[PDB]
Amino acid sequence: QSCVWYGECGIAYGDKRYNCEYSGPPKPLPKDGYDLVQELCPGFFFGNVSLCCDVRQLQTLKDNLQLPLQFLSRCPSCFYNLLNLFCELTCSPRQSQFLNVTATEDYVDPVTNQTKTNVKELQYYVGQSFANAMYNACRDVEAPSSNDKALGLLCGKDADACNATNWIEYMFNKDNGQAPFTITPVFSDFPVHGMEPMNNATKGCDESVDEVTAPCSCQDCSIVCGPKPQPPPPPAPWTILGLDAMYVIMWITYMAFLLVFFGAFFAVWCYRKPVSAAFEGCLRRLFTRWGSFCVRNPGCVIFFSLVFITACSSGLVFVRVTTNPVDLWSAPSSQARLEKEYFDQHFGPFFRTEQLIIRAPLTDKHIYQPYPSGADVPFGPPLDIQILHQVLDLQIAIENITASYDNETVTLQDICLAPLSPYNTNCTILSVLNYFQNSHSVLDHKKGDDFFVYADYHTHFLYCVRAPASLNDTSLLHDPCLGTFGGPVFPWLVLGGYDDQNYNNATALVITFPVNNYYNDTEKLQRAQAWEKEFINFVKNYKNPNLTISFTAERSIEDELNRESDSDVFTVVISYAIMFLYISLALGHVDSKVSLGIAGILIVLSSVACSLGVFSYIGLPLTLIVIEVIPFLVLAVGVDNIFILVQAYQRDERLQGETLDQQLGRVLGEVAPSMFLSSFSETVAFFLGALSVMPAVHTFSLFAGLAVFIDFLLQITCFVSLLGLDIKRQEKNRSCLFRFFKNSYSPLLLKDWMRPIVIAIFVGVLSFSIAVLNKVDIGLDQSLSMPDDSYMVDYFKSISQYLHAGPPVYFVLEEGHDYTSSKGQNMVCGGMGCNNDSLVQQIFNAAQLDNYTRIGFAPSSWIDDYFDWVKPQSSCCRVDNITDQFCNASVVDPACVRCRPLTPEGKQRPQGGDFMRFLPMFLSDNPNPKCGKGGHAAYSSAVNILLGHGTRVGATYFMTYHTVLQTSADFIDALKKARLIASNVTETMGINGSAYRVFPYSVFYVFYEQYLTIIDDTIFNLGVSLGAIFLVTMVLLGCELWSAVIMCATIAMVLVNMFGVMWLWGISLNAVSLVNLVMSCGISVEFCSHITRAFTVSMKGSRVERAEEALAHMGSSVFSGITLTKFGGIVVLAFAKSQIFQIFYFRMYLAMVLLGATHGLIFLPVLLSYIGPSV
Ligand SMILES: *[C@@H]1O[C@H](CO)[C@@H](O[C@@H]2O[C@H](CO)[C@@H](O)[C@H](O[C@@H]3O[C@H](CO)[C@@H](O)[C@H](O)[C@@H]3O)[C@H]2NC(C)=O)[C@H](O)[C@H]1NC(C)=O
Ligand SMILES: *[C@@H]1O[C@H](CO)[C@@H](O[C@@H]2O[C@H](CO)[C@@H](O[C@@H]3O[C@H](CO)[C@@H](O)[C@H](O)[C@@H]3O)[C@H](O)[C@H]2NC(C)=O)[C@H](O)[C@H]1NC(C)=O
Ligand SMILES: *[C@@H]1O[C@H](CO)[C@@H](O[C@@H]2O[C@H](CO)[C@@H](O)[C@H](O)[C@H]2NC(C)=O)[C@H](O)[C@H]1NC(C)=O
Ligand SMILES: *[C@@H]1O[C@H](CO)[C@@H](O[C@H]2O[C@H](CO)[C@@H](O)[C@H](O)[C@H]2NC(C)=O)[C@H](O)[C@H]1NC(C)=O
Ligand SMILES: CC(C)CCC[C@@H](C)[C@H]1CC[C@H]2[C@@H]3CC=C4C[C@@H](O)CC[C@]4(C)[C@H]3CC[C@]12C
Ligand SMILES: CC(C)CCC[C@@H](C)[C@H]1CC[C@H]2[C@@H]3CC=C4C[C@@H](O)CC[C@]4(C)[C@H]3CC[C@]12C
Ligand SMILES: *[C@@H]1O[C@H](CO)[C@@H](O)[C@H](O)[C@H]1NC(C)=O
Ligand SMILES: *[C@@H]1O[C@H](CO)[C@@H](O)[C@H](O)[C@H]1NC(C)=O
Ligand SMILES: *[C@@H]1O[C@H](CO)[C@@H](O)[C@H](O)[C@H]1NC(C)=O
Ligand SMILES: *[C@@H]1O[C@H](CO)[C@@H](O)[C@H](O)[C@H]1NC(C)=O
Ligand SMILES: *[C@@H]1O[C@H](CO)[C@@H](O)[C@H](O)[C@H]1NC(C)=O
Ligand SMILES: *[C@@H]1O[C@H](CO)[C@@H](O)[C@H](O)[C@H]1NC(C)=O
Ligand SMILES: *[C@@H]1O[C@H](CO)[C@@H](O)[C@H](O)[C@H]1NC(C)=O
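Spelled out as structure tokens, the structure:
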């Protein structure tokens, strides 16, 4: 047991001093630094602590060993062997057995003039089984705050760059900048030159050093645990063998139907070898009297109707308009809305992000060749230094932005959230320029010498993409890359277009400007939106032909909605102009009814305005989208009713001396039941479709329903009187379709042989529609709701094409958990001693899957960080001795003592009241260079404490990130699976009830919460609306069940074919497509009703003739009344500007129209001819 030294010598460089050389006998260490020995490696701490050692050597070891402690504190296993190496290497008592000093030089004392000898160089003899057990047991640890390979950092060279021998040589070599003097190691397993290397006991990541420190986790050790689980496969289409298993269930059934159908034509060829009408009669008489009444009292009626219109539409003064998207697309009391309501109250609302996806088209990738050694590393086009300067200039200019509002000048610093303030207040900008801190000088300053550059921006970039949380470059660059705001900048948030682990290959640059969003405050929101407007205008007009910018803003969507919503104003006006043109010329043929067409158009707009005004009075706000889609619908229905009545009158011949009233009463009594049926069926259809939970469709449905009902009523009354006035007029000088239907079409269509083919064809199309039913999309694209000429479309394309990370997730653990106990922490903390099914571990596994579960990254929990901070080893914590105030980590150390005693007892987790005593100081910790990251910048928001009564903890969250989400399927999949993870954790916590529960909050959950129940919502809505139609028909048409059931079956056929057309044109099944289907099922009656009544009330002999008589009579008015009108309406809307209209309203209505026309005018005729109700 000989010495190699005692004492230390003068300064070598920086603060580094070469130890003084002295190989004599040992010396018990002074009672002064008991504290280091215990702490460094107590394996030396017994009795007489005789050691060739000095307390200033212990404290310079302890002091120099800070980073390795930072990257390896997680496994005491590897940390403790590395420590066992330095302490023994430094002042073990048998230093001469395994050490050989080779170089040494004289030292001068400025105190006594005595020349000593510094140890410049020496050879270190290290056992092989020690380096093997150390590197192999800690070698799998990745570095924290990154997916690196913590050895990738503490080795100076990448995972594949160093082995176990080279890494130790590099660590001991001062050529790196850490070793104060170089130690030359020598591989040895057997004693050579009498210099026996070191081979003390070694411990792996699978074993704990002491009975109170749990072993390291299998995240950081590969023998304890493994990738054991794997998602299952999605086997569907169901029963593939078959070709969809629905292509077959339908095709096979159809073949059976075709055989059972043509086999009765075949067997026929072979054989060749006071309630019944009590309610339908009182209506006729009443309408007969009331039409007469309104015709002989025109003045009173029309005047009262105008007074009513005005009295009802003056309530339009209280009209309020909603433009805020949350209110539009989210139910006020949906589960996701309540979750969001809880999150905004305790943690403040999620902030607003202004992205910027920069791209350099005019540049090519260039190559980086490392000077010392290394394979070439190509950098994408956007990572050029010149392009980086131009983008930095753009960013610094975006920071200028002022745009004073309401006699007040606000700035980005003023609104941008600064996490750790007011200490550092610059603010959060998440751009790749933060690695250089937005400094042209920092970006260009180089650390090399002529003929080669040692370090370069790539050198810094490469280092900090590997470790964005370093406080120094540590590759001799000596430049910190934490960011001006203080806090890491994760490379996946500031880049896009790279390849899975090669930020070198980045093709795009992401630049975020997070801005604080405020809860119950309007001046701040006004100021922020006013700032965002100027930001948008600037970015839109910026001229840098070298760059292609795609931008957005939190307020961009709402603004876009109001800009696309006002550009169709011309469209609704033109639609009515063309409708009036058609009505004016077709309504009968100075045999012109222009006056009546104008009267009808004004009555329709009056009905629209009256609905809007009444509901504004009630307090329902306008969506301005409705104000554009509602007029069309109401116009269609109102014009149809007007034509029915006027034409039945025109074709009615006047009896004997009848003046005017008798004729009008007769016409109204025979035509009103049918028009009344259509109008009432539609009103009920609309109102009933107004029961879905979505405020936009709910309010729209109400508005449209009321407008149809009031328009029908007002029409029948004011318009029959005005018809009387115009009929009296023209009686003082002041058909070709019907001919066709009766002469050549009704007979043709009803031939014996054409009828079976037609029925076969329609049932075949119905089978197809039913077959392709389940293959309809779910959800709305989110990029099609914007006009085509909008920059948000380009931004969405750019996202889908470049971005690699998604929306952040917060797993909010509601208020009520304990947190001050070992088990209470095990249910949560993803750590050493905490459970294996803990919240953090479950979120970690989810992030490990990443395709099944879309949660992409690790939890970034706050409690793990808090414990890491409070550990006595770290020494970050330090309280004042007399004041009990937090002594910063950079302090003169006058009298500050460690918070937790550095003992075996102190080593445990702080479970008791110390927990809550020190938690606030941690949350108050700043990013100290000695200590580390500190928490203030990351967890102050995430942890809530209620003052008083023991300061019990509030709701906390563990925020992670989603995977890049590009379509509705992707969003719905993410919501579902986040809810599932939460469900698992809630189960595992085992609450004695539901006092509290985990739930995830992300920004899009409220908009996508409807697609978790849209299928049962659709089923219920369609079924209920159709049952209402059924009942209304079977009641109003008398009580005949056969006609009612036939009509209901035909409209159901119409809906199924509607679903087929949906699938075929790529329309999606969101709450708008669903409202339109429930509406179409109500608009179909206008076709299906006339024919069936003309057939039912008929007294010919046989079924065929009844059908042909009904066809002629009523279908002459039905083809001219409904089809052409609705066609004029839809063709003007076919040129939309919001995409949402042009896709859903236009396609759904065109489909409905042509489908209803064919069905009514062809398939109803034929089906009744075959199986129609006799009489
Ligand atoms: C995404 O990033 C990776 C990591 O930088 C790129 O891989 C490297 O790709 C470059 C491209 O041409 C190669 O040069 C690198 O090395 C080959 O390495 C040998 C020595 O290992 C050299 O002698 C060769 O001259 C060549 O440089 C290669 N290195 C590694 C470790 O993969 C990748 O190219 C990039 N994506 C694309 C599409 O380029
Ligand atoms: C994470 O999620 C993806 C979902 O896309 C999972 O699918 C994998 O990645 C892609 C899917 O596009 C496929 O890998 C294939 O790689 C070959 C290599 O040239 C390429 O030719 C194919 O076009 C395709 O890209 C494949 O569906 C699947 N990969 C494997 C190994 O099964 C996958 O679970 C994860 N993807 C990643 C990034 O590993
Ligand atoms: C290397 O191993 C030796 C022997 O196992 C250790 O010396 C023992 O060390 C313990 C640790 O405190 C002492 O309590 C014993 O008194 C020592 N006895 C003997 C006979 O060695 C030594 O501490 C180990 N060194 C390291 C760095 O682990
Ligand atoms: C952001 O914080 C930095 C330090 O982290 C502050 O100072 C930096 O920016 C100054 C702007 O004038 C520069 O002059 C300084 O050189 C730079 N810091 C250093 C290393 O000197 C600054 O308060 C913040 N940024 C500002 C104010 O622009
Ligand atoms: C290159 C990187 C990985 C090195 C990181 C670990 C650093 C801190 C290691 C490597 C070399 C080590 C130093 C080598 C020489 C001495 C002199 C000795 O009398 C006290 C310990 C001291 C001062 C060591 C302190 C810890 C040390 C500086
Ligand atoms: C047409 C009638 C019924 C009016 C109602 C339509 C409204 C509610 C629809 C039309 C377009 C829809 C938007 C489609 C796209 C987006 C972008 C996404 O980032 C948030 C949801 C949001 C903002 C939707 C909200 C709901 C929405 C605004
Ligand atoms: C440790 O044993 C050898 C190297 O010492 C190696 O084959 C093995 O993979 C290591 N164990 C690991 C990596 O878990
Ligand atoms: C814009 O920023 C530059 C740089 O900080 C500054 O000099 C200037 O005063 C700012 N305002 C301008 C140019 O209007
Ligand atoms: C674009 O790149 C050229 C390259 O020389 C540079 O001169 C110019 O300032 C950059 N910005 C422009 C052209 O707006
Ligand atoms: C979890 O609890 C203990 C420790 O791992 C063990 O008995 C059990 O099998 C573990 N199972 C899982 C899935 O972690
Ligand atoms: C460190 O603590 C001292 C004590 O007053 C304080 O002045 C200083 O601002 C602190 N620095 C931090 C928290 O970064
Ligand atoms: C610290 O407090 C203890 C408790 O009384 C006291 O004995 C000791 O002298 C104090 N020393 C310093 C440096 O604060
Ligand atoms: C929830 O946990 C159960 C068992 O703990 C597991 O079978 C299921 O897959 C988990 N759900 C996920 C991972 O979505």
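Here the sequence shown stands for residues 23 to 295, 326 to 641, 650 to 794, 815 to 1255, numbered as in the entry's author numbering.
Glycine included, every Cβ here is placed at the ideal spot set by N, Cα and C.
Ligand 13 heavy atoms versus the CB of residue i: any closer than 7 Å?
i	result
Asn961	no
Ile943	no
Measure the C-alpha to C-alpha separation of residue i and residue j and round it to an integer number of angstroms.
i	j	result
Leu785	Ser1197	23 Å
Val686	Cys334	39 Å
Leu695	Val664	6 Å
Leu281	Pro1080	56 Å
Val668	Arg579	37 Å
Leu751	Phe1139	21 Å
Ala278	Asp266	19 Å
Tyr40	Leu87	17 Å
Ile943	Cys909	6 Å
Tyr129	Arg980	41 Å
Measure the CB-CB distance between residue i and residue j and report whether it falls below 8 Å.
i	j	result
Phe1243	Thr1093	no
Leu684	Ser619	no
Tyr709	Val727	yes
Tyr555	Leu561	no
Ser244	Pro98	no
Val768	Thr743	yes
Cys227	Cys238	yes
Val541	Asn486	yes
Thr1031	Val1023	no
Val699	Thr1205	yes
Does the distance between the C-beta of residue i and the nearest non-hydrogen atom of ligand 7 fall short of 7 Å?
i	result
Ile879	no
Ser244	yes
Within 10 angstroms of the Cβ of residue i, are there 16 or more other Cβ atoms? Answer buried if so, exposed if not.
i	result
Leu338	exposed
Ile450	buried
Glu233	exposed
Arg789	exposed
residue 306	Residue 306 cannot be placed in this structure, since the chain goes from 295 to 326 without the numbers between.
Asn1150	buried
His215	exposed
Given 7 Å as the limit, tell me if residue i has its C-beta closer than that to any heavy atom belonging to ligand 2.
i	result
residue 5	As shown, the chain starts at 23 and ends at 1255. That puts residue 5 outside it, with no answer to give.
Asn598	no
Report whether the distance from the Cβ of residue i to the nearest heavy atom of ligand 12 is below 7 Å.
i	result
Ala34	no
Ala975	yes
Less than 7 Å between the CB of residue i and some heavy atom of ligand 8, yes or no?
i	result
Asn452	yes
Is any heavy atom in ligand 9 found nearer than 7 Å to the beta carbon of residue i?
i	result
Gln421	no
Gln447	no
Quick check: does the Cβ of residue i come within less than 7 Å of any heavy atom belonging to ligand 4?
i	result
residue 323	Coordinates for residue 323 are absent; the numbering of the chain skips from 295 straight to 326.
Return the chain-ordered ranges of every beta strand (DSSP E) run that is complete within the region 1045-1104 and spans a minimum of 3 residues. 1078-1081
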